[PDB]
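Remarks on the structure that follows.
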Amino acid sequence: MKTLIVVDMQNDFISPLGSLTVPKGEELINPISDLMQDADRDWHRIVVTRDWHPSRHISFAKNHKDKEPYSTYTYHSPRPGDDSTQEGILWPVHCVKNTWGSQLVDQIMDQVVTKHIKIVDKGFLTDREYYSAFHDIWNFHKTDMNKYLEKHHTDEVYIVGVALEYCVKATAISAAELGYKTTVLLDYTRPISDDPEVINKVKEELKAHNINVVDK
Ligand SMILES: [Zn+2]
């Protein structure tokens with residue numbers, strides 16, 4: 001069956017007042033809301049995701065001495081005895097659990113609450129970044145997503161939301177890797193970077209993993 005995953009439509013990413021506003025982010029709210037309600041699409045399930053950080057999260061520059069927001073940082077595997085590392089970005093503080101910032105934008109919060117839509121929180125563990133809604137950047141800790149998708153007989157997955165080049169792409173990749181037939185409806189996403197070339201880079205990576213990208 002088809003499932004629709006709506007990635008991080010949250011205040012801190014969508015509101016101008018948010019701490020990590022995606023450019024033209026507000027343009028997504030109504031179209032995504034329509035998408036969520038559209039009979040023709042035959043969504044068997046819809047899942048929405050939230051970045052859900054503790055305030056002391058490792059991914060915020062505020063939590064590293066002598067490092068400012070948007071700097072490059074080297075994460076170290078939290079697995080004891082694992083010494084591999086990954087390059088990261090330290091961000092402004094965003095999506096702290098139970099703060100305006102981390103709420104789904106109202107138009108979507110209202111849809112979730114009135115239609116009882118599954119929420120998946122990612123980014124919860126203090127000690128690691130997660131871009132994908134499926135699992136952390138190490139693929140150590142998994143979320144709920146896959147078991148939920150399976151319970152509801154998902155064979156294909158449609159992904160929308162923000163940010164295109166971080167959580168949208170990472171979520172799409174996980175899904176393809178787990179064997180779902182995966183789609184990104186590009187018209188319903190936006191990048192954090194408002195460099196036009198970014199949409200091509202992601203577009204090409206997506207296709208390399210047999211994720212298929214369409215506009216609408
Ligand atoms: Zn985050």
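For the structure tokens, the naming scheme is as follows: chains receive sequential letters (A, B, ...) according to their order of presentation, residues are indexed from 1 within each chain, and ligands are indexed from 1 in presentation order.
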Within 8 Å of ligand 1, counting only C-alpha atoms and all ligand atoms, which protein or nucleic acid residues do you find, written as a tab-separated table (two decimals) with N, CA, C and O atoms, in the first residue's frame?
```tsv
chain	number	residue	atom	x	y	z
A	51	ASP	N	11.85	16.56	14.00
A	51	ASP	CA	13.11	16.68	14.71
A	51	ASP	C	12.73	16.99	16.15
A	51	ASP	O	12.01	17.95	16.42
A	52	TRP	N	13.20	16.19	17.09
A	52	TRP	CA	12.78	16.28	18.48
A	52	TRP	C	13.98	16.29	19.46
A	52	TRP	O	14.19	15.35	20.19
A	53	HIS	N	14.77	17.35	19.48
A	53	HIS	CA	16.03	17.37	20.24
A	53	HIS	C	15.94	17.73	21.73
A	53	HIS	O	15.12	18.56	22.14
A	59	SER	N	24.22	18.30	18.33
A	59	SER	CA	24.19	18.86	17.00
A	59	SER	C	24.08	20.36	17.01
A	59	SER	O	24.23	20.95	15.97
A	60	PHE	N	23.86	20.97	18.19
A	60	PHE	CA	23.80	22.45	18.33
A	60	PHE	C	25.15	23.06	18.64
A	60	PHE	O	25.85	22.63	19.58
A	91	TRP	N	24.58	23.24	14.19
A	91	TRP	CA	23.48	24.13	13.82
A	91	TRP	C	23.06	25.14	14.91
A	91	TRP	O	23.37	24.96	16.07
A	94	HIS	N	17.59	24.19	17.48
A	94	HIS	CA	16.32	24.12	16.77
A	94	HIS	C	15.56	22.90	17.27
A	94	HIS	O	16.15	22.01	17.83
A	95	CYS	N	14.25	22.90	17.08
A	95	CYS	CA	13.41	21.76	17.44
A	95	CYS	C	13.65	21.12	18.83
A	95	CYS	O	13.68	19.90	18.96
A	123	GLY	N	16.11	12.38	16.37
A	123	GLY	CA	17.01	13.40	16.95
A	123	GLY	C	16.97	13.49	18.47
A	123	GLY	O	17.67	14.27	19.10
A	129	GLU	N	23.53	12.93	15.90
A	129	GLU	CA	22.65	13.52	14.90
A	129	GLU	C	21.83	12.42	14.23
A	129	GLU	O	22.32	11.28	14.10
A	130	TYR	N	20.59	12.74	13.84
A	130	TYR	CA	19.83	11.93	12.89
A	130	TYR	C	19.33	12.79	11.77
A	130	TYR	O	18.52	13.67	12.01
A	131	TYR	N	19.64	12.48	10.54
A	131	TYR	CA	18.90	13.15	9.49
A	131	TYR	C	17.71	12.31	9.05
A	131	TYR	O	16.59	12.84	8.94
```
- Task: Apply DSSP to the backbone of this structure and, from segment 68-170 of chain A, keep only the residues in alpha helix (DSSP H); write these as a PyMOL selection string.
- Result: chain A and resi 106-114+145-151+169-170
With segment 192-211 of chain A as the partner and 10 Å as the cut-off, tabulate the residues of segment 82-180 of chain A that qualify, each row holding the nearest pair of atoms and their distance in Å to one decimal, using only C-alpha atoms, sorted by chain and rising number, as CSV.
```
residue,atom,partner,partner_atom,distance
A:157,CA,A:211,CA,9.8
A:158,CA,A:211,CA,10.0
A:162,CA,A:192,CA,7.8
A:163,CA,A:192,CA,5.7
A:164,CA,A:192,CA,7.3
A:165,CA,A:202,CA,6.1
A:166,CA,A:192,CA,8.3
A:168,CA,A:202,CA,9.6
A:169,CA,A:202,CA,7.0
A:170,CA,A:206,CA,9.4
A:172,CA,A:211,CA,7.0
A:173,CA,A:209,CA,6.9
A:174,CA,A:209,CA,9.8
A:175,CA,A:211,CA,8.7
A:176,CA,A:211,CA,6.3
A:177,CA,A:209,CA,8.0
A:180,CA,A:211,CA,9.2
```
Output of the above residues as an mmCIF file, in the first residue's frame, restricted to N, CA, C and O atoms:
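Saved file part-v8.cif follows:
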```cif
data_model
loop_
_atom_site.group_PDB
_atom_site.id
_atom_site.type_symbol
_atom_site.label_atom_id
_atom_site.label_comp_id
_atom_site.auth_asym_id
_atom_site.auth_seq_id
_atom_site.Cartn_x
_atom_site.Cartn_y
_atom_site.Cartn_z
ATOM 1 N N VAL A 157 6.534 4.375 -0.809
ATOM 2 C CA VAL A 157 6.698 5.475 0.126
ATOM 3 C C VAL A 157 6.854 6.777 -0.632
ATOM 4 O O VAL A 157 7.698 6.884 -1.517
ATOM 5 N N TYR A 158 6.054 7.771 -0.288
ATOM 6 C CA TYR A 158 6.174 9.090 -0.897
ATOM 7 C C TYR A 158 6.682 10.039 0.161
ATOM 8 O O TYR A 158 6.185 10.031 1.304
ATOM 9 N N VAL A 162 10.803 19.155 4.431
ATOM 10 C CA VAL A 162 12.068 19.905 4.531
ATOM 11 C C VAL A 162 13.003 19.205 5.507
ATOM 12 O O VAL A 162 12.524 18.405 6.342
ATOM 13 N N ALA A 163 14.319 19.446 5.421
ATOM 14 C CA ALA A 163 14.956 20.178 4.342
ATOM 15 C C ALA A 163 15.309 19.176 3.226
ATOM 16 O O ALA A 163 15.649 18.015 3.509
ATOM 17 N N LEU A 164 15.230 19.597 1.971
ATOM 18 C CA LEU A 164 15.444 18.666 0.868
ATOM 19 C C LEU A 164 16.767 17.957 0.986
ATOM 20 O O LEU A 164 16.823 16.744 0.903
ATOM 21 N N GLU A 165 17.829 18.726 1.197
ATOM 22 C CA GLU A 165 19.185 18.207 1.149
ATOM 23 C C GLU A 165 19.642 17.576 2.485
ATOM 24 O O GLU A 165 20.695 16.980 2.564
ATOM 25 N N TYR A 166 18.859 17.672 3.540
ATOM 26 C CA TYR A 166 19.233 16.918 4.739
ATOM 27 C C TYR A 166 18.218 15.830 5.060
ATOM 28 O O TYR A 166 18.388 14.710 4.598
ATOM 29 N N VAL A 168 15.001 15.241 4.166
ATOM 30 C CA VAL A 168 14.241 14.651 3.053
ATOM 31 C C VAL A 168 15.066 13.623 2.303
ATOM 32 O O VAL A 168 14.619 12.512 2.073
ATOM 33 N N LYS A 169 16.286 13.979 1.937
ATOM 34 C CA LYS A 169 17.159 13.056 1.226
ATOM 35 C C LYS A 169 17.531 11.839 2.092
ATOM 36 O O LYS A 169 17.519 10.703 1.620
ATOM 37 N N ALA A 170 17.865 12.072 3.352
ATOM 38 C CA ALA A 170 18.294 10.985 4.216
ATOM 39 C C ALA A 170 17.150 9.991 4.466
ATOM 40 O O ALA A 170 17.383 8.774 4.550
ATOM 41 N N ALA A 172 14.511 9.503 2.370
ATOM 42 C CA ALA A 172 14.326 8.798 1.100
ATOM 43 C C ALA A 172 15.322 7.644 0.941
ATOM 44 O O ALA A 172 14.943 6.547 0.526
ATOM 45 N N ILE A 173 16.589 7.896 1.288
ATOM 46 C CA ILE A 173 17.649 6.905 1.134
ATOM 47 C C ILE A 173 17.366 5.724 2.049
ATOM 48 O O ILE A 173 17.346 4.599 1.595
ATOM 49 N N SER A 174 17.117 5.975 3.325
ATOM 50 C CA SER A 174 16.777 4.896 4.218
ATOM 51 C C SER A 174 15.669 4.022 3.625
ATOM 52 O O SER A 174 15.785 2.800 3.570
ATOM 53 N N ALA A 175 14.590 4.658 3.188
ATOM 54 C CA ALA A 175 13.437 3.943 2.661
ATOM 55 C C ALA A 175 13.853 3.049 1.488
ATOM 56 O O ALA A 175 13.481 1.891 1.434
ATOM 57 N N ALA A 176 14.623 3.584 0.551
ATOM 58 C CA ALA A 176 15.041 2.783 -0.578
ATOM 59 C C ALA A 176 15.914 1.612 -0.099
ATOM 60 O O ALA A 176 15.749 0.483 -0.537
ATOM 61 N N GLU A 177 16.819 1.891 0.835
ATOM 62 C CA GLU A 177 17.701 0.882 1.362
ATOM 63 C C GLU A 177 16.915 -0.246 2.017
ATOM 64 O O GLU A 177 17.293 -1.406 1.890
ATOM 65 N N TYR A 180 11.587 -0.327 0.182
ATOM 66 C CA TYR A 180 10.391 0.347 -0.310
ATOM 67 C C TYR A 180 10.632 0.990 -1.672
ATOM 68 O O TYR A 180 11.723 1.477 -1.951
#
```
- Message: So that I can see what lies close to residue 10 of chain A, please list as a list in words the residues with an atom at most 9 Å from it, counting only C-alpha atoms and leaving out residues fewer than 5 positions away in the same chain.
- Response: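 Non-adjacent residues within range: residues 15, 18, 50, 51, 95, 100, 101, 102, 103, 104, 105, 106, 108 and 162 of chain A.
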- Task: Go through A:115, A:152, A:41, A:24 and flag the residue nearest residue 216 of chain A, using only C-alpha atoms for the distances.
- Result: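 Among the listed residues, A:41 lies closest to residue 216 of chain A.
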All strand (DSSP E or B) residues (DSSP, backbone) inside segment 11-100 of chain A, as a PDB file with C-alpha atoms, in the first residue's frame:
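File written: result.pdb
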```pdb
ATOM      1  CA  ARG A  45      -1.278   5.727   5.840  1.00  0.00           C
ATOM      2  CA  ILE A  46       0.360   9.051   6.460  1.00  0.00           C
ATOM      3  CA  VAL A  47       3.245   9.495   8.850  1.00  0.00           C
ATOM      4  CA  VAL A  48       4.622  12.868   9.916  1.00  0.00           C
ATOM      5  CA  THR A  49       8.108  13.254  11.417  1.00  0.00           C
ATOM      6  CA  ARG A  50       9.546  15.768  13.877  1.00  0.00           C
ATOM      7  CA  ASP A  51      13.114  16.679  14.713  1.00  0.00           C
ATOM      8  CA  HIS A  53      16.031  17.372  20.238  1.00  0.00           C
ATOM      9  CA  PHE A  60      23.797  22.445  18.334  1.00  0.00           C
ATOM     10  CA  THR A  72      31.977  21.933  10.459  1.00  0.00           C
ATOM     11  CA  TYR A  73      32.470  19.343  13.145  1.00  0.00           C
ATOM     12  CA  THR A  74      33.664  15.733  13.314  1.00  0.00           C
ATOM     13  CA  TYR A  75      31.343  13.335  15.064  1.00  0.00           C
ATOM     14  CA  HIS A  76      32.748  10.185  16.673  1.00  0.00           C
ATOM     15  CA  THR A  85      33.859   9.322  12.450  1.00  0.00           C
ATOM     16  CA  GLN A  86      31.585  11.456  10.334  1.00  0.00           C
ATOM     17  CA  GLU A  87      31.744  15.031   9.145  1.00  0.00           C
ATOM     18  CA  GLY A  88      28.863  17.154  10.392  1.00  0.00           C
ATOM     19  CA  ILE A  89      27.463  20.642  10.633  1.00  0.00           C
ATOM     20  CA  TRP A  91      23.476  24.134  13.823  1.00  0.00           C
ATOM     21  CA  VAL A  96      13.928  21.369  21.191  1.00  0.00           C
TER      22      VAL A  96
END
```
- Message: One number please: atom CA of residue 140 of chain A to atom CA of residue 167 of chain A, in Å, one decimal.
- Response: 16.9 Å
Within 12 Å of segment 77-81 of chain A, which residues of segment 109-180 of chain A come that close, and what is the closest atom pair and distance in Å for each? Count only C-alpha atoms and give it as CSV.
```
residue,atom,partner,partner_atom,distance
A:125,CA,A:78,CA,10.8
A:126,CA,A:78,CA,10.7
A:127,CA,A:78,CA,7.2
A:128,CA,A:78,CA,7.4
A:129,CA,A:77,CA,10.7
A:136,CA,A:78,CA,10.8
A:137,CA,A:77,CA,9.4
A:138,CA,A:77,CA,7.1
A:139,CA,A:77,CA,10.3
A:140,CA,A:79,CA,8.0
A:141,CA,A:79,CA,10.3
```
- Message: With only C-alpha atoms as the counted atoms, please give the residues lying no more than 8 Å from residue 159 of chain A, apart from itself and same-chain residues fewer than 5 positions off, as a ChimeraX atom specification.
- Response: /A:4-7,168,171-172,182-185
- Item | Shortest interatomic distance to residue 63 of chain A - which of A:161, A:25, A:92, A:191, counting only C-alpha atoms |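 Of A:161, A:25, A:92, A:191, the one nearest residue 63 of chain A, counting only C-alpha atoms, is A:92.
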- Can you work out which one of A:93, A:213, A:29, A:22 has the shortest atom-to-atom distance to residue 109 of chain A, counting only C-alpha atoms?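 That would be A:29, the residue with the smallest distance to residue 109 of chain A.
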- Item | Distance of atom CA of residue 14 of chain A from atom CA of residue 160 of chain A, expressed in Å to one decimal place |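 Atom-to-atom, atom CA of residue 160 of chain A and atom CA of residue 14 of chain A are spaced 13.6 Å apart.
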- Item | Counting only C-alpha atoms, the residue of A:62, A:147, A:142, A:181 that sits nearest residue 124 of chain A |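 Of the candidates, the smallest distance to residue 124 of chain A is held by A:142.
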- Can you work out which one of A:190, A:57, A:118, A:44 has the shortest atom-to-atom distance to residue 153 of chain A, counting only C-alpha atoms?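 Comparing A:190, A:57, A:118, A:44 against residue 153 of chain A, the winner is A:44.
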- Compare A:187, A:27, A:121, A:42 by their minimum atom-to-atom distance to residue 97 of chain A, counting only C-alpha atoms, and give me the closest one.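 Counting only C-alpha atoms, the residue closest to residue 97 of chain A is A:121.
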